[PDB]
Amino acid sequence: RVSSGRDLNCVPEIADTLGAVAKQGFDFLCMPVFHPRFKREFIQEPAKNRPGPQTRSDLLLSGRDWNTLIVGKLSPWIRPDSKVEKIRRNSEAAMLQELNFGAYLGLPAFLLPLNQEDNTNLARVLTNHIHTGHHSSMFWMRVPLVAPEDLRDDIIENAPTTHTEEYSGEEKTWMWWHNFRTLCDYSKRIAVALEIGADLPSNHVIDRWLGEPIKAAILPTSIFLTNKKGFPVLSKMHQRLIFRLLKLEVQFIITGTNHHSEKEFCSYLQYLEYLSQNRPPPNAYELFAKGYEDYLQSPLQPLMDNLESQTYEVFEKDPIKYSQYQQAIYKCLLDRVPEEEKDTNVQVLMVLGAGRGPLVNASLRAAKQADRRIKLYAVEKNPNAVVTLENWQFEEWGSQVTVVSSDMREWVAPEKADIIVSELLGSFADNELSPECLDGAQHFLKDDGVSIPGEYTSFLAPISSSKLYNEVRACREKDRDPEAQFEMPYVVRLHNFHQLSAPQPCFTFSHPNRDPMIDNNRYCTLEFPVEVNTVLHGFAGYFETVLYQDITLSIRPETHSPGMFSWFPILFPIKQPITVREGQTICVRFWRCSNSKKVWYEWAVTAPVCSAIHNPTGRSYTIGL
Amino acid sequence: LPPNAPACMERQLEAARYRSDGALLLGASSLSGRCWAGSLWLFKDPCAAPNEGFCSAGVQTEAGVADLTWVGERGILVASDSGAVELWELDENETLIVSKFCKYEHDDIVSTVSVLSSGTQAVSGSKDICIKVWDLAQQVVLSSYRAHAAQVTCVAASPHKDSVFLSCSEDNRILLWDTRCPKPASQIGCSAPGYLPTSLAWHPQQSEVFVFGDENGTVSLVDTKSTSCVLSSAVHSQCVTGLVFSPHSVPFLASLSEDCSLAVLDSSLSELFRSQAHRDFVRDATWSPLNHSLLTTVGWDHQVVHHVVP
Ligand SMILES: CSC[C@H]1O[C@@H](n2cnc3c(N)ncnc32)[C@H](O)[C@@H]1O
């Protein structure tokens with residue numbers, strides 16, 4: 001259900017306090033590691049020689065407790081960006097001291113505020129801590145949705161509050177975060193503790209945070225309403241934001257005193273549990289896609305590589321998908337053989353890339369449904385899968401099915417085909433080289449023959465995710481180009497991201513391809529109107545295919561085939577994030593390129609700014625032919 | 001050692017307030033070690049302080065004491081680390097100190113408290129950025145103001161106007177409050193933004209003049225009337241933590257800083273006297289009602305020093 005912490009700025013006894021917050025049901029405690037009011041002097045006599053101890057003992061908890069139950073807090077007097085030099089020097093020294101104590105204790109996380117625009121020296125000091133030994137602990141930057149200056153009551157007669165709307169001004173808190181994390185060079189150890197107020201901002205202000213690395217949400221007791229029975233509760237709007245944050249699986253922190261003193265603080269926590277248990281339940285896909293959120297994978301290349309047994313197993317575990325294939329073949333058989341010719345007319349059905357036979361079985365269930373007659377060739381280049389096939393045909397299919405162990409481009413077919421059926425599509429449609437494979441096979445399709453699928457189309461959409469940017473960046477490897485990670489696609493269950501524009505079609509292929517001169521190379525220019533301020537990190541890819549007439553398959557969200565957990569989207573990264581202002585257009589260029597040896601994609605952003613061309617001559621990424 | 005009086009007083013001396021009869025209110029926190037709490041002490045013999053065995057009365061608080069004020073002659077109003085404003089009452093015999101009320105209204109440390117001239121009302125300031133007005137008899141919050149945009153450093157009630165008080169914040173705002181105004185707050189100070197304001201004291205005679213200290217050791221004299229910075233002196237090498245006026249006809253001004261020094265200034269803000277007595281932060285100063293030449297300072301060095309001002 002919900003992982004929740006208590007935030008305190010007062011800890012008389014750490015043992016008792018920890019006991020109390022545990023009894024209330026809290027998983028962890030955020031607290032000061034030094035007394036919040038204990039300002040320390042590092043430079044000036046005599047306060048510099050203040051006798052210790054400088055704080056309480058590490059002996060007061062077990063190493064396990066320090067490691068698991070405690071998030072440290074930076075002392076509030078520490079101001080490294082103070083304009084007073086002495087305060088800056090003392091604050092630099094105190095910050096290191098406190099961060100060094102946290103690391104001494106093995107704290108899993110440490111809270112630091114972004115409570116103003118200029119945190120340059122704060123970033124410099126934190127970066128120095130991070131580059132002083134390699135460690136795991138997280139820094140939670142406590143940032144408000146709404147800056148406190150923009151939250152203040154309008155009660156200053158000669159300093160009225162500007163109720164006039166300022167789009168970019170209302171997003172100023174995001175820019176505080178952006179600048180800090182850019183200065184700290186996207187450390188994976190630096191995340192957001194997003195602090196929520198009584199007055200939520202405009203949706204655009206909340207949307208600014210969509211693909212950002214939010215580890216915690218801070219809920220003050222102040223923002224909770226009172227139900228008839230006097231229990232703390234939240235406005236519907238706060239509730240909808242909570243449901244968004246539960247999708248991001250953040251940790252919730254309760255801060256402030258009990259303002260519902262007719263009840264214990266577990267009432268605040270129980271309300272959250274109430275909301276979590278009552279969240280609109282997920283979808284089977286969301287259950288299928290449960291462990292894979294933002295997990296980067298290599299796109300499968302089933303041409304160049306022989307897929308493993310368990311890979312085919314997952315392909316096969318989508319009954320909806322093969323119902324569609326069955327339906328397309330069913331429909332196609334009836335169009336091709338009138339009832340008068342049913343018993344006289346036997347169609348030659350060739351499955352090209354038959355794997356372990358799910359399309360063979362679908363083809364057979366189809367022919368019985370249509371009550372029409374079919375001879376099957378099951379062509380498969382993977383000799384490992386041919387074992388599965390040949391056992392199937394010996395035991396069950398019989399001589400109706402001829403297993404062909406061969407590349408469909410090399411195979412000399414004993415006769416021409418009525419219908420070729422194939423499953424040769426990646427998350428970007430043509431990224432497994434369906435076009436080249438089926439082009440190679442089409443000489444043995446009858447002049448009036450049908451390919452299932454007849455057509456497929458790739459789609460792209462610009463996305464924001466500072467999280468996925470950082471995950472890609474982390475895929476640097478020895479013995480190659482230190483930026484190759486950025487010049488290759490990843491299959492991924494995109495989760496913590498923002499789509500910046502509706503998907504647009506990229507590349508389309510048709511089968512059979514009657515072009516007198518056939519060219520599978522492509523160059524496509526796309527213009528994505530963007531209505532938000534944001535940062536571009538890459539392009540989500542999806543596909544749609546027409547099996548036959550109106551029977552389609554899609555992972556494009558607007559037209560997604562229902563139940564088809566088969567296929568996560570693909571991601572094309574860019575090396576340098578690109579600022580996009582509300583109203584600006586993102587222009588991207590995609591090329592599909594080829595040799596006799598390899599096919600590859602190249603891509604460049606040309607608006608509002610130019611990127612480098614990614615993957616020139618397939619130097620970082622190719623698909624083997 | 002009196003009854004209900006702790007065996008040991010916390011090292012960090014936060015506040016020192018002489019009553020009319022010349023008895024001494026002491027506030028202390030434990031700002032380090034296993035236990036982070038506080039104590040309230042009464043010394044009818046001030047020369048005995050801080051020795052606990054010669055105190056008239058002492059009590060332990062749940063948490064540290066950020067700020068303290070006498071409420072009349074038997075009342076002690078406390079700003080706590082807990083976010084509670086606490087009312088403590090002296091005994092009939094004044095042998096013990098007993099908690100009247102403890103109210104958890106502030107969402108963070110209560111940094112500052114001042115009793116309004118009414119004597120039935122107080123203002124608290126907190127790191128939660130809020131300023132609250134208290135009805136002491138009914139033990140409730142009349143109003144809560146989120147005027148400032150950062151933690152509230154000081155609140156000081158006007159001497160004689162029950163609806164008027166000053167506040168200063170790390171938001172760099174000095175606010176003049178009149179609760180009789182629908183928009184109760186009014187931003188005041190020198191035109192140019194200066195260094196952050198750390199301490200406030202109204203003039204005890206002139207109703208529209210006050211002094212403020214800054215994070216840069218500068219003490220400044222302001223007339224609300226002119227709403228312009230009449231006089232400034234660079235008195236300290238560090239933050240000005242406290243500003244206390246003598247009870248004299250023409251009052252002397254006691255200046256205390258994290259530079260661990262005490263300064264006494266004339267009305268022209270010129271330096272008459274300076275004491276390097278303390279070897280840590282000087283927290284408070286209180287002039288004797290009995291002998292107006294006498295100034296008592298406390299510090300985090302746990303020294304109770306008694307100064308003779310020329
Ligand atoms: C069922 S997933 C697609 C299948 O097609 C097979 N395949 C891909 N390309 C070819 C080809 N050119 N000839 C024969 N089988 C192929 C793969 O080995 C895989 O089992």
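So that the names make sense, note that chain A is the first sequence line, chain B the second, and so on, each numbered from 1. Both counts, for ligands and for their atoms, begin at 1 and track the order of listing.
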Is there a side-chain contact between [X] and [Y] (heavy atoms, below 4.5 Å)?
| X | Y | answer |
| --- | --- | --- |
| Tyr322(A) | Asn361(A) | no |
| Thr622(A) | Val599(A) | no |
| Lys575(A) | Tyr469(A) | no |

Task: Partner of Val379(A) by side-chain contact (heavy atoms from CB on, under 4.5 Å), out of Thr402(A), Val404(A), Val386(A) - done: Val404(A)
Starting from [atom], what is the nearest protein heavy atom, named by residue and atom, and what distance separates them?
| atom | result |
| --- | --- |
| atom 16 (C) of ligand 1 | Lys381(A) CG, 3.5 Å |
| atom 13 (N) of ligand 1 | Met408(A) N, 3.1 Å |
| atom 9 (N) of ligand 1 | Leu303(A) CD1, 3.4 Å |
| atom 1 (C) of ligand 1 | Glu423(A) OE1, 3.5 Å |
| atom 5 (O) of ligand 1 | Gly353(A) CA, 3.0 Å |
| atom 8 (C) of ligand 1 | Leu424(A) CD2, 3.6 Å |

- [ ] Determine whether the side chain, the backbone, both or neither of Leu352(A) has a heavy atom under 4.0 Å from any heavy atom of ligand 1.
- [x]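 None of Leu352(A) does.
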Open item on the list: Please classify the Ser422(A) to ligand 1 contact at 4.0 Å (heavy-atom distances, strictly less than): side chain, backbone, both or neither.
Closed with: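 Looking at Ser422(A) and ligand 1, no heavy atom falls under 4.0 Å.
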Any chance the rings of [X] and [Y] have centres within less than 6.0 Å?
| X | Y | value |
| --- | --- | --- |
| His511(A) | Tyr456(A) | yes |
| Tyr542(A) | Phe568(A) | no |
| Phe572(A) | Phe428(A) | yes |
| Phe497(A) | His537(A) | no |

Which of the ligand 1 atoms, numbered from 1, are nearer than 4.0 Å to a heavy atom of [X]:
| X | answer |
| --- | --- |
| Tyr312(A) | 18 (O), 19 (C), 20 (O) |
| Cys437(A) | 9 (N), 12 (N) |
| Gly355(A) | 20 (O) |
| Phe315(A) | 2 (S) |

Open item on the list: Pairs of nitrogen or oxygen atoms closer than 3.5 Å, one from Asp407(A) and one from ligand 1: do any exist?
Closed with: yes
TODO: Compute the shortest N/O to N/O distance between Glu380(A) and ligand 1 and return yes if it is under 3.5 Å, no if not.
DONE: yes
Open item on the list: What I want to find out is whether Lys342(A) reaches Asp371(A) closely enough, with some N-O distance under 4.0 Å, to be called a salt bridge.
Closed with: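 So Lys342(A) pairs with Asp371(A) through a salt bridge.
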